[PDB]
Q: 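Pasting a structure here, questions to come.
Quick note on labels: first sequence line is chain A, next is B, and so on, each numbered from 1. We count ligands from 1, going down the list as the structure has it; atoms in each ligand are counted the same way. Basis for what follows: all heavy atoms, side chains included, without hydrogens, waters or symmetry-related copies.
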Amino acid sequence: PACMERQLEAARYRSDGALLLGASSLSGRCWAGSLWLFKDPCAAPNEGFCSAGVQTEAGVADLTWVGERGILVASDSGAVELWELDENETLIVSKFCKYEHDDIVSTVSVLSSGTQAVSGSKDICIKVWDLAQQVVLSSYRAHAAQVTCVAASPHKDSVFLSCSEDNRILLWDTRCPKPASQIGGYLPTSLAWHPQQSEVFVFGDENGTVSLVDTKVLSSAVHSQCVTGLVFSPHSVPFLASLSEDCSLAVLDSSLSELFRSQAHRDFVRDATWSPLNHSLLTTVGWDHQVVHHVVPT
Amino acid sequence: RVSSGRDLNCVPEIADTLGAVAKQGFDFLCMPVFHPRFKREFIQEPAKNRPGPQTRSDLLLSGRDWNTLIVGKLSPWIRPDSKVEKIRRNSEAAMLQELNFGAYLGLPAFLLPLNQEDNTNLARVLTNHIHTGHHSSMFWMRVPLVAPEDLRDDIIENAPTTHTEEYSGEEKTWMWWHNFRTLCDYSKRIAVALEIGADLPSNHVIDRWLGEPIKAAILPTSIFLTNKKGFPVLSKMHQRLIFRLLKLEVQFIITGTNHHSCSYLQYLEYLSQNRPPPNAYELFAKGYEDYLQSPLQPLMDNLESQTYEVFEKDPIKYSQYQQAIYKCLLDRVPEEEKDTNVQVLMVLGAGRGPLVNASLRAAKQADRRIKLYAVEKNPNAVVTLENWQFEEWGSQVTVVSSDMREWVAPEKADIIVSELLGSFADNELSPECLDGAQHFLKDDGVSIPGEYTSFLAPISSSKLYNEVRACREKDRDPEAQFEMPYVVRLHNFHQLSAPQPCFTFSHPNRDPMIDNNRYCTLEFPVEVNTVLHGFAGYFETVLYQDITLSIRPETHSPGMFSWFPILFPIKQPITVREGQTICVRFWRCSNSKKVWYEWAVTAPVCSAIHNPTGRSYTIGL
Amino acid sequence: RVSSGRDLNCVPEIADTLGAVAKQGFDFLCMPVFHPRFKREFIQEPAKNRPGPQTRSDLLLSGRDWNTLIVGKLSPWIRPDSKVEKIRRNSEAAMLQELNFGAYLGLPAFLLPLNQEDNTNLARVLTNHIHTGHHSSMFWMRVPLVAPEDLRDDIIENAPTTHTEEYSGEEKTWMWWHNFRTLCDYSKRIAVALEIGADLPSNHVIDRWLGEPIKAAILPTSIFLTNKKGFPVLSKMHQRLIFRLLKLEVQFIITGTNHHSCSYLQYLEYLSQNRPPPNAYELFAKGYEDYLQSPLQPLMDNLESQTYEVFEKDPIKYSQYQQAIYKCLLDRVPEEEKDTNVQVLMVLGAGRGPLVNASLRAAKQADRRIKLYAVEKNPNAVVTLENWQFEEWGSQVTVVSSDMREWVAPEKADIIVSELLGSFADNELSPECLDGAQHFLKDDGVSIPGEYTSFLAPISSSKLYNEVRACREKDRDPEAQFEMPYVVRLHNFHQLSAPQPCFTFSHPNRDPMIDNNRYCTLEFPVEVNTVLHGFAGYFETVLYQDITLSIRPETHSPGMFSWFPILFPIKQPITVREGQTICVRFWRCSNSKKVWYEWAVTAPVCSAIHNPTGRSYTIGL
Amino acid sequence: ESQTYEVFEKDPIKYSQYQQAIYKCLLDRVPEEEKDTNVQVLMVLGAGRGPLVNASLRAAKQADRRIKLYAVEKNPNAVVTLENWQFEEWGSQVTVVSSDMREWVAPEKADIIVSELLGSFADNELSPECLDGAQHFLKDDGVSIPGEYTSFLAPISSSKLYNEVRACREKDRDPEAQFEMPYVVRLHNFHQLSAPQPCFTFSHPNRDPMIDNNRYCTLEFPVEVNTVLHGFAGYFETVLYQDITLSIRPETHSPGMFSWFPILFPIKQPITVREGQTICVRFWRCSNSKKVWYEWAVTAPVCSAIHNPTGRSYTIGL
Ligand SMILES: Nc1ncnc2c1ncn2[C@@H]1O[C@H](CO)[C@@H](O)[C@H]1O
Ligand SMILES: Nc1ncnc2c1ncn2[C@@H]1O[C@H](CO)[C@@H](O)[C@H]1O
Ligand SMILES: Nc1ncnc2c1ncn2[C@@H]1O[C@H](CO)[C@@H](O)[C@H]1O
């Protein structure tokens, strides 16, 4: 496509170091989305300096990598899409576009195996998908309001977190006949599993507070506005990068104390991604069309 | 045959989407006026200084398309009632922005959601927009039959779905709406967009929406059961609800994605065609639904010709009048007296001669001799009468141009016939009119009608309560519109208790010191939770023996167009809980010049006495 | 093409007569509702006890025919103003009888004659009928242009026709009507049926009927001059009058017997087709004739999209705006500076970008460099602007979403352009808006427009005076409707004196302590006898040098739809005799929040000061 | 009016409390070693006929520190009384300024801004807007007297007062407008159904980033009796300086203080309240560039209509 719309929604670095980009036009005559690949991460967001590019019918609310080839997309159309890079990694081709949600698909998360996924929607439902058969295995109306975030477990394929505007955080486990479990203030907005402890996770609220939760609690006032995301570093003892609507980025330690603070962004900070190659490198995209690269003081 | 619209949250190309929606078979589109995910900031930097256009352009559609096909939608992130202060302040400015953007485009309606008990600030912000600028837009509140919390799957280990039966608790969404419109002062611009769910709630919960201003019905695709041929259909319980909404002429809305991979719209059209054909009363009253008219006073006023014409176009009432005279002739003149006895029949209040003709038809079939008198005070009707007497009737009919209470008749009558009844039976003043004509009745004469009784039933109708408010006029009491009866074909309403008899009049009146003034107390057992707005008045009359006329819904004379129910309103609505009794009092009062009614509710709470001394409403004697 | 009716006093068979009249080519019939010769008695015996029917029956015609084709007529013997007491009392009861008989039939109109100076009791009896019952009927007063006494043949030896010229005396029939409607409190249900005579009176006498509610024009057959082929035609003086009545859309009535032994109706249709084709302004304003609208306040309120659209559909005003910028570019940037000079053009109050586009078109034809700024406070228009700046304009146009009086501009401007004018020029508050944007103008910058002047002309229009009365509303001053201007396409009116300039504003304003408050006294010489009801307001503006816009009728910019005259009314009408001067005073007042006007008439008599302190009307700052 | 300023000046308690607040601020700002080296810039914003200026003078004699006064006042009629005081007694010490404190371009910044701009509902005479407009000319360490004020509300039953508000219907306006406006009244034949709770709070100076004077407060009143609710008594409390305060809250009332009576915020329709039920009220402080107003609705035990939506019945002029 000749252009990528100013609202950059998702930034995801793969294993080798390429950058995945999801963006939508949330204003203007056309409300559509686009998927882009940047083998040169420092080129981004230059539409001409890209490796691969594609345009979706509707906006991109969220996305994730399906290994190193495919991309799972949560669209405003109510459909879940899968787009796999070709043999040369220059074209992006659609495999499935399944409209199962009666409203905007807001969050997406791939389950440990890599063959299954969990979609969270504004239609209140949660769906567990089989990527190979291209069908939904199960549909769960456990929440009362819109689903804000779904976070599949790092190591358990039947475990995944959920949080909604109904003030609930649910711990899932498909093995139980009543799979959800309420864990616990202000509305939950972001969910991040700890990559070393499959029993600890962090959640960020609408009042800017980020909190530490052990399944069997610690809190800090990071931002002045809603916490849009929480992403852990690839480090053996990770750092936590907290995105926000107050246009700032912060990197916190194990006790939730602030180390980094970046005001580089002039609009909402949507996604963050740490470099597989340089663990002191964090990339943050935003609604101001910036692809800012950060050097975390380690 | 059905006004329908498509609900979407994804309109990438506004012109393409509309084209596809219209080609599908719709009439309008519910789409967001701003991108649903585009959260905006109005307080802190630098997100407040967000450059570029804030949404797509008004030029993309013509003024007619914007005014007839686009129902706007409030952005889902706008939470004016948030517990977070910054989110409230942000959502206040954000809400006004989208409402003023929809007013700017002249959109016919704008959707706002009610999905929680506390929508106080939402109401405040809406009330403040309604009082800001030159409006006209309708505001449809999207409110579910069943709360999303009460329809969740029982899949939370430590939060199970409470399996207990809570009658009032199952009606929580109605209180969400009730409280919201009370805060907004029953604005005629705020209507209900009722969201129908997958499994219908208990019928009491559904009945709670009777008499509410439902302008739209939201049917989500997920409620459609797929049939044998793979096409979407609805349960017989859901179908019955659709048939109740079709009487209220709501606009059907189809929301959500296609799950029968339009057909949903075609199923609605099939349902619309499979409804029973409208009867004579139903096809006549169409157009008059919940339209408040003034009760006629034929005594005080001379009825127009076109008015007499419509009262004459009621075959049922004239065939019932004929057979009542037919039976009275036989029961008074035995076959041996066939030509020896001439009965003195006086049609008191003759109009343009329909009762006189019925009296004639009743003498041909009863084969007895009759001498007619057609008394009438309206001199204009008397012209029609005197031209009938010349061209057809002759010496048999003696036209009398006078008030029946003044007339000094030549001889006494065997049968006095009259049609002096209003929707509340005695509201056109028949008790006074026939009392004044009682002296010239034989000491064994028959009055037709011989008896009439009024009925009352308490009702809930915020639609009618709002309609009575709209009747405020200058140079009078600002509240007078609530202290007067209205003739109205009640339609968008709920009757909270069965009709009970109110006032009864008999003719002739042999009671020592009869007196037409009345005082009646009625106790109405209410089996539902509700809001009382008025009392429907109805009537029943005994013309002769088993020949009767009725407007009581449960005994209604079929095909009888001549009357609609009366509505006796109250200044302030009254909350009634299930099990409570509504106790009303009604008075029939009078002086030598006027006759009026007064009424007060005395349970579950007292009301003010309405129309004390006929200050708002009198009937002229 | 012309609504016409036949007047008759002889209808032997009502159905036959109507059939013949319709076959002739008419649309309605003026016929008596009682036999014209049938004098009736209501006081003494035995004529009061007159038996039999009093007239023909209502059954002879359908309700639609009675409501659409029959204009009733008062019986010629009914003389409520007789010097004989018995004839007065008799005619009172007799008059009510025929009016109530016409109300009974729902007749669309009823004719009553004015053929003498004293019609006091006639008016009393009519006023009393208007307040009795449920009406709707129109009352057309048959009044002649020339009194029958002033058009008699000079054939009486001892009573010659006074050969002297009496200017006011020739207008006696207008005072017959004027006094009659004053007695009846300017009832909107009383209109004029003006009877045209054989020889037209002086033009001043004809002009006396301007601004009067003429609903019908009575052309008697005897006024038709027979032509060569033997067909009826009218003089060129009579034809001109017909063409003036066709603008008022009156119903032509043909009375009297056939003297060209229809053709009269066909001649009217021929005349109707031979009128000049309506221009763009005339065809646009049709529908808005004498319809009172509220003056827009684009400062206080955000204009709707469909409103900006109509203001953009005025080619003349945008071609005049372009050429004003075209000339200012040339007069500021000489051909040697063609690409060295970039002019800072700021469109203050940009709307949906029509001036910005005109500024662009004016740079292509003037071939000079321009740097645009599109300032706009209405955020909804700003959306249209920002989508234009993205899709077409680019870096040249810098969209500014702010109030021009708040904006802290990056650099000063060479040319400030604006379209902030109302029908009374300064009524949308341009003086305050451009004053607040004056600091950021270069010490040699040009404002477009550079000057504007309001105009006022006194008017007579009982039609418009009655329309302003109808604007009374509850919860406010009962007289507030007379203390506020109205935008209206004045039509059924008479302008009693030519427009004079009122208030003048210049931009930029280099006066030491300028001040936008005003006080102006205007003296209007009145050459006719009349009744003053208001003051038409108009405007003129100098965009640049000889490029101007105008709504002053005598200098009107052709094809300019963007504005209609303003109407400044007065609470009480003021009689003005020929030779008298109407002296008006107008103030432009203000505080930090509001701007308003006040006005009082001080000659021939004083009026009350209208809108003192903006109690009825303010313009929001 | 002059006779109005006179009655507001005949309140010794409030002026002795104003004096001691200035007395303590002079000492806490100018140490005895700086006694004659430091002159404090005292600006009496909204000076009236000079009672605060005199209290500011009395507070300098007892605190023995040097002060330079400014008496700002927009009412030109009071300014006449001020200019005649400045001539006959005050002199060069008091600099009379005839202007609106929000327009005034002061010669130098102030050490202490003093004001008496409070109504019975504290912020109802528009002190938040008046002192905000005079905040730029305050030293980055200056003291405002008063430094804080809080309004209070308590639900009430009074059919006598409900009937009195009905009697206020007037022609040429909303027949119900009389119920959508506050009234100053010495409540007497009444019953207070729940203890006063704080409503709106204002602080001076205002260092909050994007402060905003608009408000929205929800109060829950536990009702221990069966009753009929007709209105809400409004009261106020203010912190002039540290422990020097003024109050019209009945339970903390400053004794002998005549200067204010409670405000009454009525409701169109009375509301039955049973014992054990909670009365939940909502109050808003709204505004635009021209007007400031309040809105209020009862949301429990039942909803009421929103009173005074958009200042249709009552606005306070800015
Ligand atoms: N008191 C009366 N005397 C005579 N006719 C009456 C009287 N009251 C009503 N009517 C006539 O009776 C008819 C039925 O309402 C009407 O034609 C009405 O005008
Ligand atoms: N003071 C102002 N500042 C900016 N734009 C204005 C101002 N007053 C009017 N306008 C805009 O100017 C246009 C012409 O009335 C409208 O679009 C109106 O909204
Ligand atoms: N904004 C203002 N500027 C100056 N004086 C004011 C202002 N508002 C109120 N005042 C004055 O303050 C005193 C206390 O209300 C009164 O004398 C009043 O006139």
Q: Please confirm whether C:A381 comes under 4.0 Å of ligand 2, counting heavy atoms of the residue only.
A: no
Q: Just which atoms of ligand 1 are under 4.0 Å from any heavy atom in B:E376?
A: 5 (N), 11 (C), 12 (O), 13 (C), 16 (C), 17 (O), 18 (C), 19 (O)
Q: Need the ligand 1 atom indices (1-based, order shown) with element for anything under 4.0 Å from a heavy-atom of B:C433.
A: 1 (N), 8 (N)
Q: Specify the protein heavy atom at minimum distance from atom 15 (O) of ligand 1: its residue, its atom name, and the distance to 0.1 Å.
A: B:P298 CB, 3.4 Å
Q: State, yes or no, whether a side-chain contact exists between B:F440 and B:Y373 at a heavy-atom distance under 4.5 Å.
A: no
Q: Any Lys/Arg nitrogen of B:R405 or B:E432 sitting under 4.0 Å from an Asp/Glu carboxylate oxygen of the other?
A: no
Q: With a 4.0 Å heavy-atom cut-off (strictly under), which part of D:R102 contacts ligand 3: side chain, backbone, both or neither?
A: side chain
Q: Quick one: which ligand 2 atoms are inside 4.0 Å of a heavy atom on C:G351?
A: 17 (O)
Q: Please write down residue, atom name and distance for the protein heavy atom closest to atom 5 (N) of ligand 1.
A: B:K377 CG, 3.4 Å
Q: Is it the side chain, the backbone, both or neither of D:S99 that has a heavy atom closer than 4.0 Å to ligand 3?
A: backbone
Q: side-chain hydrogen bond (donor to acceptor under 3.5 Å, both in side chains) between B:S305 and C:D58: does it pass, once the steps are laid out?
A: CA-CA 7 Å; B:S305 161; C:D58 54 358; 3.1 Å; yes
Q: With a cutoff of 4.0 Å, is C:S418 in contact with ligand 2, counting heavy atoms of the residue only?
A: no
Q: Show your working on side chain to side chain contact (heavy atoms under 4.5 Å, CB included) between D:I113 and D:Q135 and close with a plain yes or no.
A: CA-CA 9 Å; D:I113 54 178; D:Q135 210 150 265; 6.0 Å; no
Q: Among protein heavy atoms, which lies nearest atom 13 (C) of ligand 2, and at what distance?
A: C:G349 O, 3.6 Å
Q: Hey, looking at atom 10 (N) of ligand 2, which of C:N302, C:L299, C:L420, C:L296 has the closest heavy atom?
A: C:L420
Q: Counting each atom of ligand 1 from 1 as listed, which ones have a heavy atom of B:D403 under 4.0 Å away?
A: 1 (N), 2 (C), 3 (N), 4 (C)
Q: Which of the numbered atoms in ligand 1 are under 4.0 angstrom from any heavy atom belonging to B:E419?
A: 14 (C), 15 (O)
Q: Do any N/O atoms on D:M101 end up under 3.5 angstrom from N/O atoms on ligand 3?
A: yes
Q: Taking C-beta and beyond as the side chain, do C:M560 and C:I551 meet within less than 4.5 Å on heavy atoms?
A: yes
Q: A side-chain contact here means heavy atoms from C-beta on lying under 4.5 Å apart; do D:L69 and D:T95 qualify?
A: no
Q: Cationic tip of C:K317 within the cone over C:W563's six-membered ring, i.e. under 6.0 Å and within 45° of the normal?
A: yes
Q: Would you check, one step at a time, whether the test side-chain hydrogen bond (donor to acceptor under 3.5 Å, both in side chains) holds for B:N380 with C:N100?
A: CA-CA 8 Å; B:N380 307 271; C:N100 291 338; over 6 Å; no
Q: Closer than 3.5 angstrom, by distance alone: can the side chain of C:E312 be matched with the main-chain N or O of C:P354 as a donor-acceptor pair?
A: no
Q: Please confirm whether B:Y308 comes under 4.0 Å of ligand 1, counting heavy atoms of the residue only.
A: yes
Q: Set out, in order, the CA-CA distance, both residues' side-chain angles and the distance that settles ring pair (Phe, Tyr, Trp, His ring centres under 6.0 Å) for B:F101 and B:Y104, then state yes or no.
A: CA-CA 5 Å; B:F101 197 73; B:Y104 175 70; 5.6 Å; yes
